[PDB]
Amino acid sequence: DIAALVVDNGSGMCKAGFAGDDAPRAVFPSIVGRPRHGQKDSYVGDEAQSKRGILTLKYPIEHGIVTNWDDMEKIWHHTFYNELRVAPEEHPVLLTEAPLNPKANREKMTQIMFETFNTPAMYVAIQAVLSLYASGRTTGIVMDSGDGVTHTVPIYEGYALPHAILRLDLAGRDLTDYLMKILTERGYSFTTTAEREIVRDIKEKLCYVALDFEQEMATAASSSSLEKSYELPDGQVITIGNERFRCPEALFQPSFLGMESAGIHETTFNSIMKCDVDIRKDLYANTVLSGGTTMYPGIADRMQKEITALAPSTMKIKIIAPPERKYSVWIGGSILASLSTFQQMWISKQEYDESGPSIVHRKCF
Amino acid sequence: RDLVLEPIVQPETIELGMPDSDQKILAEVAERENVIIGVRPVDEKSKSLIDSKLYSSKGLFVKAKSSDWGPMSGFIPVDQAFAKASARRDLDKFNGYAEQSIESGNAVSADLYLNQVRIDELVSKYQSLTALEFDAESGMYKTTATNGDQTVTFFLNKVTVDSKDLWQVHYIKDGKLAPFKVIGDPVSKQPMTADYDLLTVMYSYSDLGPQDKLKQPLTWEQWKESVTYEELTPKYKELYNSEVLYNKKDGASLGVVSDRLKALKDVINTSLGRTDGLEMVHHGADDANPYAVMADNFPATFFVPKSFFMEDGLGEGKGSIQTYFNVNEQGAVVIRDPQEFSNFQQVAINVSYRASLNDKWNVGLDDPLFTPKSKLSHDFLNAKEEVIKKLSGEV
Amino acid sequence: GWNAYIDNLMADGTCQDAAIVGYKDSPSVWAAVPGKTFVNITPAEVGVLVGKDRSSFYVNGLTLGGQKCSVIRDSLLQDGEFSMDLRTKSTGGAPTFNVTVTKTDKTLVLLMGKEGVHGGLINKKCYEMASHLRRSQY
Ligand SMILES: Nc1ncnc2c1ncn2[C@@H]1O[C@H](COP(=O)(O)OP(=O)(O)OP(=O)(O)O)[C@@H](O)[C@H]1O
Ligand SMILES: [Ca+2]
């Protein structure tokens, strides 16, 4: 009838494709490559990565929220015309927004979609809501840690409760800087951007969650049985020990970095305590992990343990870790715009021409 | 308990076809990298040549067909008429491809030398050469075999070649016995063996990454302009230096090749300890190409992660199972048929893997079987059907 | 009367309940759908809606005509917005419903959606009617 386009947004990456399908058709880093000063510029994606040595890179979003709209439009041009190669005026478009996106922002999203691409219809879905849609659930608490922001988001009947939303400006890139730093302190020398991407790959390949951090630190101090080696492209090999779990321990103790901030477990709990007493039980039983930084082995069990230690002895604690959750969000978007019930959910070009952008504040929640 | 054992026995036919030592190595790669690795069938003379480790193998340029009988099935003949599967017009196109290779100098035409251990395999183990007998008129032992459905006559000369008593094969053209020829490697002037063709390679969503997934036809100017002279992966520096090696490596691999598979080809060719451009996955091996003709694929084989096969109860969903598929020893797996393959994929995606697909498999078979959008969807969307049931409680 | 507007807003079958309640001075139900929930809402609940403590009802919830609801969005005190969004609360998997309160110059417009009707339709209807009444100086 129409495959509506699914267009996710993120601090580091983008995911795009057709609604009604199991995985994104297309993905890219959302950055844009201007010249260094010119006709032959290639603005987007893998081409911009490839040319990155002679180009100037920019990020339109920082801490989930769009900034340079001008080149977000360029990213949309590359998504619609280059990756899916389908006329986006011809299809309704599903859009995604970071939590707490400023009002005027969502109006500008609407303006661009309706005035520039003449989309017949659209919807804007909060990423965490898609993540809860992604596996069996309409109500629950999402712990969404991506590249920019970390959010704890209780959701009732598919509606995030902004009053109880807590935000933590701590994510993977700060951990990357930290891992480079403490890897040098082990006797190594990680300092370049190439080295940053290598440390990123090490973190992605080797970190895990210790159940007893102090005991594990003792084990690592008393032997090398958990230490690993990693071979650099220059074939040199570094070794990593307790850092494997010291890195993600920072999720629970940001003081390891000199930060005076609660761990994710305690902020999840405080989020729960901000919510209606009567729905917390279900929230307690629907703790959902999303984002690439939640892919560490052992995080669910450890969270279970920490909440159990903190929560009433009566409280039932359930940690849900969907196994591809690093992209579960996009699945949810495909689902949402798939539905017949969605027919009412379409924003129409006509509604926008008649009533203007502020309908989005009334209609889109 | 035959019900599983026949499923075991049919894999034994590929285990005859394909060496278990390589199944060991590639199972270890399937452990080390969390991926499914498919491979097409190869057959026992391919076992003989693989055990030789002696020669290069078929590629993309040498589009001539893996031959269909006997010694020659070991190789590709200079005339596809001795490689009879599919029909005349196709073998004529393949002779076209041969003539193209010959004019390009990416194939030479080469003479065929066999040693008694190979004959003993072919007669004794392979049951596929008929007993030789000396003819003084040919000065050769005559032999015969059903290359097609036709039995054909061949005359074999015992000759001191490389100081071994090789058999050199000969055949009658226009009533005159001429030495039989196969495709030779332009570099080593030695006969190209069949390759390994590959079938789908499947990865978890946990490494779904566009810098790896994307398929990219291009060649030299686009590559060398695209990457700055130190956005380097070491061998690529030679791709700055030489257009020829780029045209060999990427142009033959180019296929519709994904960059992940381009890196993995280097990994696998290293791991198999071959050298000097010797390989078994030079083809780039997608079965996304338009000529992924289906019946060539069978019986197929895979390597899968050790963790893979202990994951949950049988009977996943409407895709259902009770006998755990055509399992094979040495950690390998086999499959007989597209329905078995499609079920095996449907389970793998239920291990959150992502299936590569191509319409030609369905077009080969003319029943609706490989649409992802409809058919090959994984049962977490059946779980979204349960989500809509919840909404039906809402709705 | 105000019931003509209750009748009008209920006609399309998307909503199961509607009402107009005065919130100034001492609140009182000016008009409501007979035989439903909103007709029995009390003035004290209105006082809570327009009161200074905008935090306790997040943790304790509230009831409207005995139906428990949770506040999702609050723009009820913002000029140009004048709306609060809620959803009902149920036990044992019983359906929940979307609620919209809009605030005009003199009245509160309240709407309860049916099963599965998304809150945005109710919100659009209520806001457009509210805008029409403000335009009428109400
Ligand atoms: N194997 C891995 N292990 C741990 N973290 C990973 C792994 N792979 C990717 N990541 C992290 O996942 C993050 C990107 O995930 P994702 O694309 O969901 O974030 P995003 O949506 O762009 O961020 P935000 O939600 O703040 O906008 C990065 O911080 C990256 O470092
Ligand atoms: Ca994001």
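The numbering of chain C matches Swiss-Prot: 3-140, in order.
Per deposition record, electron microscopy, 3.9 Å.
Cβ atoms are placed via backbone N, Cα and C, with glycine included.
Over in Swiss-Prot, the protein carries these features:
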{"type": "MOD_RES", "residues": "C:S28", "note": "phosphoserine"}
{"type": "CROSSLNK", "residues": "C:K54", "note": "SUMO2 cross-link"}
{"type": "CROSSLNK", "residues": "C:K54", "note": "ubiquitin cross-link"}
{"type": "MOD_RES", "residues": "C:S57", "note": "phosphoserine"}
{"type": "MOD_RES", "residues": "C:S85", "note": "phosphoserine"}
{"type": "MOD_RES", "residues": "C:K105", "note": "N6-acetyllysine"}
{"type": "MOD_RES", "residues": "C:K108", "note": "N6-acetyllysine"}
{"type": "MOD_RES", "residues": "C:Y129", "note": "phosphotyrosine"}
{"type": "MOD_RES", "residues": "C:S138", "note": "phosphoserine"}
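When the CA atoms are compared, the recorded positions lying within 10 A of C:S85 (phosphoserine) are C:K105, C:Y129, out of the candidates C:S28, C:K54, C:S57, C:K105, C:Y129, C:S138.
Ranking the modified residues C:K105, C:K108 by C-beta neighbours within 10 Å puts C:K105 at the top.
Of C:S28, C:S85, C:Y129, listed as modified residues, those near chain A by the criterion of a Cβ under 8 Å from one of its Cβ atoms are C:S85, C:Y129. Counting other Cβ atoms within 10 Å of each Cβ, the modified residues C:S28, C:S85 show the lowest value at C:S28. Distance between Cα atoms for C:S138 (phosphoserine) and the residue listed as 'phosphotyrosine': 14 Å, as a whole number. Just so you know, the Cβ of the residue listed as 'phosphotyrosine' picks up 22 other Cβ atoms within 10 Å once every protein chain is counted.
For C:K105 (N6-acetyllysine), the recorded positions whose C-alpha atoms fall inside a 10 Å radius of its own C-alpha are C:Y129, out of C:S28, C:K54, C:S57, C:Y129. Spacing of C:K108 (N6-acetyllysine) relative to C:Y129 (phosphotyrosine) is 14 Å (Cα to Cα, whole number).
Calculated from their C-alpha atoms, the gap between C:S28 (phosphoserine) and C:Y129 (phosphotyrosine) amounts to 24 Å. In the shown protein chains, 10 other C-beta atoms lie within 10 A of the C-beta of C:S57 (phosphoserine).
Between the CA atoms of C:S57 (phosphoserine) and the residue listed as 'phosphotyrosine' there is a gap of 24 Å, rounded to the nearest whole number. Considering other CB atoms within 10 Å as the measure, the emptiest surroundings among the recorded positions C:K54, C:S138 are those of C:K54.
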